[PDB]
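Working through the structure, step by step
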Amino acid sequence: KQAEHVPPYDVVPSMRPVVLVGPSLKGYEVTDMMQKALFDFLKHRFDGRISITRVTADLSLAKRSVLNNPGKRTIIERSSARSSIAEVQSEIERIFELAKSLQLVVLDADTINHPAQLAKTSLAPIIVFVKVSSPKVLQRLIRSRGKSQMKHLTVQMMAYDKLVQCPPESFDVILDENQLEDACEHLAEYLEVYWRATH
Amino acid sequence: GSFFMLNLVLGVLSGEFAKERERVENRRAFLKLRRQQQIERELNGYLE
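Attention in this report is confined to the structure presented alongside it. (Residues numbered from 1 in each chain as written, not as in the entry; some residues may be left out. Chains lettered and ligands numbered in written order. Part of a larger assembly, values for the part shown. Heavy atoms only, no water.)

Regarding the sheet that holds strand β2 (residues 50-53) of chain A
Residues and elements named next belong to chain A.
- With parallel pairing, 5 strands are arranged side by side in an open sheet as β2-β3-β1-β4-β5. The two strands at the open ends of the sheet, each matched to only one other strand, are β2 and β5 (173-175). Adjacent strand axes in the sheet meet at a mean angle of 25 degrees when their direction is disregarded.
- For β2 and strand β3 (residues 104-107), the ladder comprises 4 bridges, and the chain directions are parallel. Within β3, the residue paired with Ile-50 across the bridge is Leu-104. (Pairing = 2+ DSSP bridges. Helix = DSSP H or I, 4+ residues; strand = E, 2+ residues; numbered from the N terminus. Axes fitted to C-alpha atoms, helices over the stretch in contact; angles between N-to-C directions.)

What follows is the structure, encoded as structure tokens:
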């Protein structure tokens, strides 16, 4: 039964990373601001006890059992030696060592649009969903930005509906309140519970 | 002739209005009016 051999124990990061997903594609105005506001609130409320860094590199390929060492050297000039996978793994150990520091970590990587893309990995981050009540409100919001977002409104709606079709048990916390404050104290209370629980 | 008649007219008209207010064609418009108000209430906080 060694075809897969799923290990009973996995070495997850000491502190579960906090990641925001939704309500649309990362890299578009609505999502960037909707997440930026929460990031600023988290930084200000937990000042001196939280570290937030943007993860430019990709993260969806956090594998453990692909091979002994895919691309051990960069001078091999191989398919993976010239690739950027090693950057992904290096970011993996960077996240692991930062979670080792016992301080809270929040990720700003723009390559997450569904928790299913980061559910089979070793990190298992705290998925935070900032959902919008209805599609009309989201598309009205998008219209409030300008024509630049009107151009990508189609893909924004598509990703929004696909991410809503994801079931609630997939996520860890939900932020469905239309008020920024209420969601802020909701996330703050959850992270306060986590902080008091791990001390 | 005045107070009783006016009371009867007032009651019959109020009953007619109450019965008419719950027809499908008016209830369907009231639901639309409520839904648009609810959408706007959420959109205000989201622009905030």
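Read on, since the account is not over.
Structural notes on a negative patch on the surface
- Among the surface-exposed residues, A:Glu181, A:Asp182, A:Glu185, A:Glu189 and B:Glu48 lie close enough to one another that they form a single negatively charged patch.
- Position of A:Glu181 relative to the elements: it lies in helix α5 (residues 180-197). (Patch = residues over 30% accessible without salt bridge, like charges linked within 9 Å, V, L, I, M, F, W, Y side chains within 5 Å. Areas by Shrake-Rupley, 256 points an atom, 1.4 Å probe, with all protein chains shown as cover. Salt bridge = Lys/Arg side-chain N within 4 Å of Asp/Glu carboxyl O. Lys, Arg positive; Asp, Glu negative; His and termini not counted. Charge placed at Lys NZ, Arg CZ, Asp CG, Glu CD.)

Comments concerning the interface of chain B and chain A
- Contacts between the two partners involve 8 residues from chain B, matched on the other side by 13 residues from chain A.
- Both faces combined, the contact of chain B with chain A buries some 990 Å², and carbon together with sulfur accounts for 62% of it.
- The largest share of the area that chain B buries against chain A comes from B:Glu42, B:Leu43 and B:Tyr46, three residues that together contribute 59% of it.
- The tally of links between chain B and chain A comes to 0 salt bridges.
- Seen at the junction of chain B and chain A, the total is 2 residue pairs in polar contact.
- Looking at side-chain class alone, the side of chain B that touches chain A contains 4 nonpolar, 1 polar and 3 charged residues. (Contact = heavy atoms within 4.5 Å. Buried area = accessible area lost by both parts, 1.4 Å probe. Polar contact = N/O pair within 3.5 Å; in protein donor to acceptor, adjacent residues only side chain to side chain. Nonpolar A, V, L, I, M, F, W, Y, C, P; charged D, E, K, R; others polar.)

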